[PDB]
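Peer 1: Residue numbers (UniProt numbering), protein chains in the order written: chain R, 5 to 100; chain L, 2 to 61; chain A, 2 to 148; chain U, 8 to 130; chain D, 3 to 22, 30 to 83; chain V, 4 to 117.
This is the structure I want to talk about, given as structure tokens.
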RNA sequence: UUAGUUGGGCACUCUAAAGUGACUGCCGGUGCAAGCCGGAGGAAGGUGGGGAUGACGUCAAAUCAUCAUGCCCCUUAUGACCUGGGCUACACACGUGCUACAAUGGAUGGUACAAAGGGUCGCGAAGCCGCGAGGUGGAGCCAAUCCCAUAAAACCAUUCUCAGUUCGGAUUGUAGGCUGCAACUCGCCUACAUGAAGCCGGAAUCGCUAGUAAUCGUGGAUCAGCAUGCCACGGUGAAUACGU
RNA sequence: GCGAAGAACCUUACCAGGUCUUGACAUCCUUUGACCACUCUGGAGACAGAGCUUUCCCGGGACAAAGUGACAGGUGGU
Ligand SMILES: [Mg+2]
Ligand SMILES: [Mg+2]
Ligand SMILES: [Mg+2]
Ligand SMILES: [Mg+2]
Ligand SMILES: [Mg+2]
Ligand SMILES: [Mg+2]
Ligand SMILES: [Mg+2]
Ligand SMILES: [Mg+2]
Ligand SMILES: [Mg+2]
Ligand SMILES: [Mg+2]
Ligand SMILES: [Mg+2]
Ligand SMILES: [Mg+2]
Ligand SMILES: [Mg+2]
Ligand SMILES: [Mg+2]
Ligand SMILES: [Mg+2]
Ligand SMILES: [Mg+2]
Ligand SMILES: [Mg+2]
Ligand SMILES: [Mg+2]
Ligand SMILES: [Mg+2]
Ligand SMILES: [Mg+2]
Ligand SMILES: [Mg+2]
Ligand SMILES: [Mg+2]
Ligand SMILES: [Mg+2]
Ligand SMILES: [Mg+2]
Ligand SMILES: [Mg+2]
Ligand SMILES: [Mg+2]
Ligand SMILES: [Mg+2]
Ligand SMILES: [Mg+2]
Ligand SMILES: [Mg+2]
Ligand SMILES: [Mg+2]
Ligand SMILES: [Mg+2]
Ligand SMILES: [Mg+2]
Ligand SMILES: [Mg+2]
Ligand SMILES: [Mg+2]
Ligand SMILES: [Mg+2]
Ligand SMILES: [Mg+2]
Ligand SMILES: [Zn+2]
């Protein structure tokens with residue numbers, strides 16, 4: 005009955021990492037609430053190009069935050085022991 | 002009269018209102034984005050090289 | 002367009018008395034996206050034009066067709082390093098486009114209080130071969146008659 | 008059935024019945040005042056002769072009042088066709104299974120609107 | 003303060019006027042009902058324009074009377 | 004009729020605005036205190052009611068009396084020596100409204116090009 | 001159950017990772033071929049719509065006031081500290097916007113449908129005091145959950161009946177609210193009062209080829225506070241292209 | 001409706017008045033040690049004068065005060 009939330013900038017790194025713990029969850033327990041998507045945050049920063057005048061030229065950068073959460077349905081003693089023993093790629097967000 | 006004033010930005014004034022924000026690499030007064038503390042020209046010049054994570058060019 | 006011709010659309014048969022001379026003059030009516038304001042008016046004008054005239058609203062609305070459709074549009078032809086008035090024969094484009102423009106462009110001349118009857122009076126007024134919209138058509142052919 | 012247009016979506020369940028075209032847990036004439044725009048919704052049921060044979064249930068989210076009218080029309084036109092494949096040979100010609108692809112347009116920097124621009128003066 | 007829960011003089015103009030020409034330096038310190046009959050000198054960006062606080066001009070910000078831009082015709 | 008030539012063909016609430024001091028929110032109440040319905044035509048106002056209005060309208064201020072206070076207060080500023088008075092006499096906006104351009108409600112018409 | 005509220009289920013939607021789909025592919029005319037004119041099928045047809053991406057180089061084009069730098073000048077002042085002030089001054093001329101000159105409208109009441117974003121020392125609900133801007137109160141939230149946040153144009157009834165007006169709202173007086181040590185020069189907003197030009201704009205000139213122009217609202221960055229501007233998001237939705 | 005993605009103060013580069021000199025701000029050194037923060041008077045504050053005062057850590061170590069200079073310091077010019 006836990007809940008883990010994944011918040012990484014690149015969808016490849018997190019969705020691969022979530023595909024690991026979701027596998028370790030099956031070994032620890034059959035009852036697993038697998039990875040599931042949530043809407044992704046986007047933000048935009050419209051910084052201006054020229055060092056001086058010419059107000060009509062800018063350049064827009066963005067910064068997403070892909071999200072995914074994993075939970076537990078009817079966990080066992082293995083869940084508490086076998087969860088914290090993993091290190092994920094630097095960028096993946098862990099919060100149980 | 003420029004490098005004098007960065008000390009004015011840094012030191013705690015006698016009224017919260019006096020206190021403003023300036024870029025944390027080149028002390029440019031205007032256009033400082035608070036999530037980064039960088040001015041407009043610092044912010045772009047690092048984004049290309051790639052010091053700021055997550056940020057990337059946005060076609061859409 | 003500097004490359005050939007193009008063909009237009011102006012086609013969406015209306016709900017009541019389905020036609021495209023009634024979804025047109027209902028699109029040359031609105032201002033700044035006011036389809037709803039015009040559509041009710043363009044059906045209330047039929048309501049008064051179907052009572053005070055008696056005949057079918059559609060036939061009465063199309064009765065003013067041959068009385069507003071232009072026949073000769075004086076063209077501005079470039080001759081001798083200037084522009085003159087060379088009359089020509091208008092096509093179907095400038096017939097219905099001009100023709101339905103003549104009414105609404107002359108909706109300040111019915112002199113009523115509301116556009117519900119003002120558009121209803123003008124259609125009947127031209128349907129009587131009178132009024133200004135038909136006179137405007139006769140006025141255009143007059144300047145085309147000189148050349 | 009399922010039909011989109013602009014930012015509005017309408018999901019349609021169609022079952023045989025009297026013909027009351029209910030919409031979003033309310034009567035349709037309550038939910039749409041100007042009945043004259045609501046007659047086109049019968050085009051997916053007048054082009055094929057099934058006008059008052061099924062009771063139309065609808066669910067509505069988003070867009071504007073005219074915004075659903077294009078989506079509910081399509082949203083049923085993909086269900087009456089699924090009832091019997093005989094309906095496709097005419098519902099796929101009038102322009103009903105097609106999905107209107109026009110949508111609003113991004114606003115590009117340096118321009119007041121999407122395609123507009125500042126006012127221009129030479130000297 | 004335009005709010006009815008306040009009425010402030012600078013810090014000292016009231017103190018110097020309390021005992022007591031007067032030259033209160035800056036500005037901004039609207040003449041309360043305890044200073045009629047004690048001329049002050051409110052500075053003006055240059056020089057000290059002399060104004061005599063009467064009973065009529067009570068409540069107004071001290072600065073108002075001394076103008077700042079010299080415009081003697083076009 | 005009352006004080007001045009209030010419009011005849013208008014309503015009660017609309018026409019009673021025709022004084023310098025009786026407007027819309029004040030009129031909607033001074034017509035209410037009299038008790039006459041706001042839709043009552045002014046040309047048919049009750050003689051049992053036109054005597055009632057003068058009771059209320061005697062309480063609040065009116066054209067010829069109050070308007071002296073508008074000039075009295077706007078003349079005290081000039082003599083007091085206040086900066087607001089200067090901009091009254093000269094013809095410039097009293098508030099912080101900028102006089103560099105586009106401020107002509109006070110400075111008469113657009114003067115001749117000079 | 002007053003409410004998607006509750007059990008319960010991921011059916012439909014929708015969110016988001018991996019895939020399919022459109023290429024002149026097929027048919028007719030034409031062409032030698034490239035291609036061009038039309039038809040089926042398909043959600044979509046001729047680079048479907050739109051972004052990002054800007055070759056060789058031109059203007060001794062802009063910036064020594066973002067940062068850096070060649071050389072020069074000041075170096076008890078052309079450096080440094082504060083308080084006040086100017087950056088908002090006005091007899092005028094020009095550029096870009098906002099609001100109107102009314103009946104496709106105003107006033108009054110009812111009432112319906114969004115998209116995209118922001119929130120921790122931050123968003124701040126309900127009730128309570130208020131015409132009032134607001135104040136007290138502290139629920140829920142490190143958020144597809146709670147909050148900012150009731151969107152307005154539309155629509156339905158009554159009134160107004162073509163007047164510088166039941167349009168318009170500048171200008172000014174009084175009386176007030178917010179932040180901030182402080183709103184006089186010089187902030188934003190509210191009530192009452194006041195109520196000005198304007199009755200569709202001369203020669204000339206500007207933008208846009210479709211969800212476009214026009215028009216009505218919302219969010220963010222900067223930000224103790226202050227935007228008719230800027231960057232984004234949606235709702236209603238047109239007119240014409242013979243031709244160079 | 002241009003740099004300015006916020007000119008009441010601050011930002012501010014400008015003016016007047018009032019004040020400082022190795023300097024408000026860095027690196028080389030020495031004598032002190034962790035230096036500050038706090039209250040009272042005057043002033044417009046910038047700053048002066050009084051007091052408790054800052055109890056360092058492991059000969060060395062970070063940070064600071066005070067003493068003359070090398071220097072700093074220029075949003076000064078092209
Ligand atoms: Mg570019
Ligand atoms: Mg500030
Ligand atoms: Mg099919
Ligand atoms: Mg363009
Ligand atoms: Mg002048
Ligand atoms: Mg101002
Ligand atoms: Mg002018
Ligand atoms: Mg499934
Ligand atoms: Mg084809
Ligand atoms: Mg394309
Ligand atoms: Mg493109
Ligand atoms: Mg581009
Ligand atoms: Mg060259
Ligand atoms: Mg060059
Ligand atoms: Mg040049
Ligand atoms: Mg310079
Ligand atoms: Mg550099
Ligand atoms: Mg650098
Ligand atoms: Mg300026
Ligand atoms: Mg200004
Ligand atoms: Mg102009
Ligand atoms: Mg109109
Ligand atoms: Mg209005
Ligand atoms: Mg959203
Ligand atoms: Mg509104
Ligand atoms: Mg409106
Ligand atoms: Mg009005
Ligand atoms: Mg006035
Ligand atoms: Mg006035
Ligand atoms: Mg008047
Ligand atoms: Mg008025
Ligand atoms: Mg006036
Ligand atoms: Mg084009
Ligand atoms: Mg942001
Ligand atoms: Mg501006
Ligand atoms: Mg400028
Ligand atoms: Zn910088």
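We put the CB at the ideal spot given by N, CA and C, even for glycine.
(1) Near residue 45/R, what residues of its chain come up, given a Cβ to Cβ distance below 7 Å and the 5 sequence neighbours on each side ignored?
(2) Chain U partners of residue 62/R, CB-CB under 7 Å?
(3) Hey, residue 62/U and residue 117/U: beta-carbon distance below 8 Å or not?
(4) Using the beta-carbon of each residue, which ones in chain D are nearer than 8 Å to residue 84/V?
(5) Cβ of residue 14/D less than 8 Å from any chain V Cβ?
(6) Does any residue of chain U have a CB that is nearer than 8 Å to the CB of residue 5/A?
(7) With 16 as the cutoff for other CB atoms within 10 Å, does residue 77/V come out buried or exposed?
(8) Does the distance between the C-beta of residue 3/A and the nearest non-hydrogen atom of ligand 37 fall short of 7 Å?
(9) Using a Cβ-Cβ cutoff of 8 Å, what residues of the stretch 34–60 of chain U are near chain A? List them in chain order.
(10) Kindly indicate if chain L contains any beta-carbon less than 8 Å away from that of residue 45/R.
(11) What are the boundary residues of the beta strand (DSSP E) that residue 9/U is part of?
(12) Run the proximity test for residue 47/R: is its beta-carbon closer than 7 Å to any non-hydrogen atom belonging to ligand 34?
(13) Give the residues of chain U in contact with residue 50/R, contact being defined as C-beta atoms less than 7 Å apart.
(14) Since residue 4/L is in the alpha helix (DSSP H), which residue starts that stretch and which ends it?
(15) Can you have a look at residue 68/A and say buried or exposed, based on whether 16 or more other CB atoms are within 10 angstroms of its CB?
(16) Judging by CA-CA distance, which residue of 54/D, 60/D, 3/D and 6/D is the nearest neighbour of residue 31/D?
(17) Counting C-beta neighbours from all protein chains within 10 Å, is the total for residue 73/D 16 or more, i.e. buried, or is it exposed?
(18) Suppose you measure from the CA of residue 64/U to the CA of residue 83/U; what does that come to, to the nearest Å?
(19) In whole angstroms, what separates the C-alpha of residue 40/D from that of residue 86/V?
(20) Excluding sequence positions up to five away, which residues of its chain have a Cβ less than 6 Å from the Cβ of residue 35/U?
(21) Do you know offhand how far residue 105/V's Cα is from residue 99/V's?
(22) When we look at the beta-carbon of residue 47/A and count the other beta-carbons within 10 Å, is it buried (16 or more) or exposed?
(23) Alpha carbon to alpha carbon, what distance is there between residue 61/R and residue 92/L?
(24) Keeping to the same chain, check which residues put their C-beta closer than 8 Å to that of residue 104/U; ignore five residues upstream and five downstream.
(25) Give me the Cα-Cα distance between residue 47/R and residue 91/R, rounded to the nearest whole angstrom.
(26) Would you check whether ligand 7 has a heavy atom nearer than 7 Å to the C-beta of residue 113/V?
(27) Which of helix, strand or coil does DSSP assign to residue 43/L?
(28) Going by other Cβ atoms of all chains shown within 10 Å of its Cβ, with 16 needed for buried, is residue 34/A buried or exposed?
(29) In terms of alpha-carbon separation, which member of 91/A, 7/A, 26/A and 132/A lies closest to residue 15/A?
(30) Can you name the start and end residues of the beta strand (DSSP E) that residue 87/A belongs to?
(31) If I measure Cβ to Cβ from residue 34/V and keep anything under 7 Å in the same chain, skipping five residues before and after, which residues do I get?
(32) Between residue 4/D and residue 51/D, what straight-line distance do the alpha-carbon atoms span, to the nearest angstrom?
(33) Quick one: which chain L residues come within Cβ less than 8 Å of residue 96/R?
(34) If you follow the beta strand (DSSP E) that residue 21/V is in, where does it begin and where does it stop?
(35) Going by C-alpha distance, which of 119/U, 51/U, 74/U and 90/U is nearest residue 23/U?
Peer 2: So, from the data block:
(1) The residue given as residue 45/R occupies position 41 in the first chain. Answer for residue 45/R: 68 and 69, listed in chain order.
(2) As a position in the first chain, residue 62/R is number 58, starting the count at 1. Those within 7 Å of residue 62/R in chain U are 116.
(3) Taking the fourth chain and counting its residues from 1, one reaches residue 62/U at position 55. Taking the fourth chain and counting its residues from 1, one reaches residue 117/U at position 110. Taking 8 Å as the Cβ cut-off, residue 62/U and residue 117/U do not qualify as a contacting pair.
(4) Against the sixth chain, residue 84/V aligns to sequence position 81. What residue 84/V touches in chain D: 60, 66 and 74.
(5) Against the fifth chain, residue 14/D aligns to sequence position 12. Output row for residue 14/D: interface = no.
(6) Within the third chain, the letter at position 4 stands for residue 5/A. Using a Cβ-Cβ cut-off of 8 Å, residue 5/A does not count as an interface residue toward chain U, since no Cβ of chain U sits closer than that to its own.
(7) Here residue 77/V is taken as the residue at index 74 of the sixth chain, counted from 1. Answer is exposed; the Cβ neighbour count stays below 16.
(8) Here residue 3/A refers to the residue found at position 2 of the third chain. No, the beta carbon of residue 3/A sits no closer than 7 Å to any heavy atom of ligand 37.
(9) Listed in sequence order: 41, 43, 44, 46 and 47.
(10) The residue you call residue 45/R lines up with position 41 of the first chain. Closer than 8 Å: no.
(11) One-based indexing of the fourth chain puts residue 9/U at position 2. Taken as a continuous stretch (DSSP letters only), residue 9/U belongs to no beta strand (DSSP E), as it is neither H nor E.
(12) Position 43 of the first chain, counted from the first residue, corresponds to residue 47/R. Indeed, a heavy atom of ligand 34 lies less than 7 Å from the Cβ.
(13) Along the first chain, read from residue 1 onward, the residue named residue 50/R stands at position 46. Per Cβ cutoff of 7 Å: 116.
(14) Here residue 4/L refers to the residue found at position 3 of the second chain. Note, residue 4/L: alpha helix (DSSP H), 4–11.
(15) Translated into positions along the third chain, residue 68/A becomes position 67. Flag for residue 68/A reads buried.
(16) Taking the fifth chain and counting its residues from 1, the one referred to as residue 31/D is at position 22. With distances taken between CA atoms, residue 31/D lies nearest to 60/D out of 54/D, 60/D, 3/D and 6/D.
(17) On the fifth chain, residue 73/D is found 64 positions in, with the first residue counted as 1. Classification for residue 73/D: buried.
(18) Here residue 64/U is taken as the residue at index 57 of the fourth chain, counted from 1. Here residue 83/U is taken as the residue at index 76 of the fourth chain, counted from 1. Straight-line Cα distance between these residues: approximately 9 Å.
(19) Reading the fifth chain from its first residue, position 31 is the one you call residue 40/D. Reading the sixth chain from its first residue, position 83 is the one you call residue 86/V. About 15 Å.
(20) The residue you call residue 35/U lines up with position 28 of the fourth chain. The residues 28, in chain order, have a CB closer than 6 Å to that of residue 35/U in the same chain once the five nearest residues on each side in sequence are set aside.
(21) Stepping through the sixth chain from its first residue, residue 105/V is reached at position 102. Stepping through the sixth chain from its first residue, residue 99/V is reached at position 96. Roughly 13 Å between the two C-alpha positions.
(22) Locating residue 47/A in the third chain gives position 46, counting from the first residue. Buried, by the Cβ-count rule.
(23) A question about residue 92/L goes unanswered here, because the residues of chain L that appear run from 2 up to 61.
(24) Position 97 of the fourth chain holds residue 104/U. Same-chain partners within the cutoff: 81, 84, 85, 88, 95 and 98.
(25) Locating residue 47/R in the first chain gives position 43, where the first residue counts as 1. Locating residue 91/R in the first chain gives position 87, where the first residue counts as 1. Going from the Cα of residue 47/R to the Cα of residue 91/R covers about 28 Å.
(26) Walking along the sixth chain from the start, residue 113/V turns up at place 110. Residue 113/V Cβ: within cutoff of ligand 7.
(27) For the purposes of this step, residue 43/L is taken as residue 42 along the second chain, with counting starting at 1. Helix, per DSSP.
(28) The residue labelled residue 34/A in the question sits at position 33 within the third chain. By the 10 Å Cβ count, residue 34/A comes out exposed.
(29) By one-based count along the third chain, residue 15/A stands at place 14. When only C-alpha atoms are compared, the closest one is 26/A.
(30) As a first step, residue 87/A must be located in the third chain, where it is residue number 86. Run containing residue 87/A: 87–90, per the beta strand (DSSP E) assignment.
(31) Looking up residue 34/V in the sixth chain gives position 31. Correct list, in chain order: 15, 16, 19 and 41.
(32) What you label residue 4/D is simply residue 2 of the fifth chain in a count that begins at 1. What you label residue 51/D is simply residue 42 of the fifth chain in a count that begins at 1. Approximately 21 Å, taken between the alpha carbons.
(33) The residue you call residue 96/R lines up with position 92 of the first chain. Under the 8 Å cutoff, chain L gives no residues; its nearest Cβ is about 13 Å from residue 96/R.
(34) Taking the first residue of the sixth chain as 1, we reach residue 21/V at position 18. Run containing residue 21/V: none; DSSP gives neither H nor E here.
(35) In the fourth chain, counting from the first residue as 1, residue 23/U sits at position 16. The candidate whose alpha carbon is nearest that of residue 23/U is 90/U.
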